[PDB]
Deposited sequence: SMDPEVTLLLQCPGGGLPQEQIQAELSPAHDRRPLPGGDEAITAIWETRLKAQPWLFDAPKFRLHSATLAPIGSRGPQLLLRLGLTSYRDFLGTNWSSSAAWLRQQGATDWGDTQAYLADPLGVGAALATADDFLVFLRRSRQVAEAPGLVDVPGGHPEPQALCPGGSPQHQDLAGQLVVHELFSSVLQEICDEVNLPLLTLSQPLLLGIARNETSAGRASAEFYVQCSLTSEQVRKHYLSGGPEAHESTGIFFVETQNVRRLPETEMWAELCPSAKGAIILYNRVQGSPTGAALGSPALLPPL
């Protein structure tokens, strides 16, 4: 799967909010482009002159994520975050020249991402009360991965002492994206666990934080809520469900070729961190069938 790389796999079946620190610092920002940020301004001008209803928005930038030694007390993850924007994204990661920016970043800074916006995404492995994961079909009109299968998620917008508020907005944002797109009540959702971070190599390496969320509704109830919103209540064109039993071997199915890179990241991390039992009971052949 060359289109996705794992940057982080969380321990202990995934990390809760209270175990994560953020450092939000202008040291974690994109570096100015070698020939100047005028190239970004020029792409943005061209785009607004064809689609003048477009608007910019701030985004978090992922610089890096350091895990503590396993089994330790205290905070288990440090996220190093800067600030970027939708405009910077369109001028770097989504540029035809994005691979040239990665090579120049390697040369100048020893960092393939130094010249890339790299806005941070969130996604969820969302499980139902009857043990299915939730999948969504993308419109055939979107710029990236058109008509592909996705999971719930989005790209959160800004507004350990500013740090704890930033971790809170990240966890809050994945629940809000579930409520907005799947049309579920907030009180049917568990507090999220962070499974890990995955990079989309088809989008010049921009990362997404992948979470586990449990819903108290059945697959049939989730479907009713999604559909009862009508076509205008969601960006996706359909919803569907796969038994958690069957998610284990999804990379061997014809579905795998239809999954967008960030959804592949969510499913790989779900299988490694929530699946793959460690103990004698769940590890026994009748509960963990060989092959």
Missing CA coverage against the deposited sequence, listed in sequence order. 1 to 2, 162 to 172
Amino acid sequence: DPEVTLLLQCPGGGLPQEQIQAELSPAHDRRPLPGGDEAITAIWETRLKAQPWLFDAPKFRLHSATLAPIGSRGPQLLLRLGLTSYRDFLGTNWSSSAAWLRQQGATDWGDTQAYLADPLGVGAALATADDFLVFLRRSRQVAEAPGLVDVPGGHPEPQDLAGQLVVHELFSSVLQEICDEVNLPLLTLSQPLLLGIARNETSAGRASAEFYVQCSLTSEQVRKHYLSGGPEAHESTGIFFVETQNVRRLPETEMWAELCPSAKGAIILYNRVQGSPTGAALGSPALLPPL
From here on, numbers count along this sequence of modelled residues.
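Definition used throughout: the rigid core is the maximal C-alpha set that superposes within 1.5 Å between two forms.
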Note: with structures superposed on the core, the stretch whose C-alphas sit farther off in 7 other deposited structures of this protein, 137 to 145 or 214 to 222, is 137 to 145
If you take the mean CA temperature factor per stretch, which one wins between 137 to 145 and 213 to 221? 137 to 145
Per the entry, higher mean C-alpha B factor between 161 to 169 and 193 to 201: 161 to 169
For the C-alpha B-factor as written in the entry, point me to the maximum among 264, 59, 234, 30. 234
From the list 76, 96, 128, 84, select the residue with the highest C-alpha B factor recorded in the entry. 96
Would you mind ranking residue 244 by its C-alpha B-factor against the rest of the chain and naming the third, lowest, middle or highest? lowest
C-alpha B factor of residue 12, ranked within the chain: lowest, middle or highest third? middle
Would you mind ranking residue 255 by its C-alpha B-factor against the rest of the chain and naming the third, lowest, middle or highest? middle
Compare the C-alpha B factor of residue 43 with those of the other modelled residues in its chain, then answer lowest, middle or highest third. highest
Using the B-factors in the PDB entry, rank residue 112's C-alpha atom against the chain and give the third, lowest, middle or highest. lowest
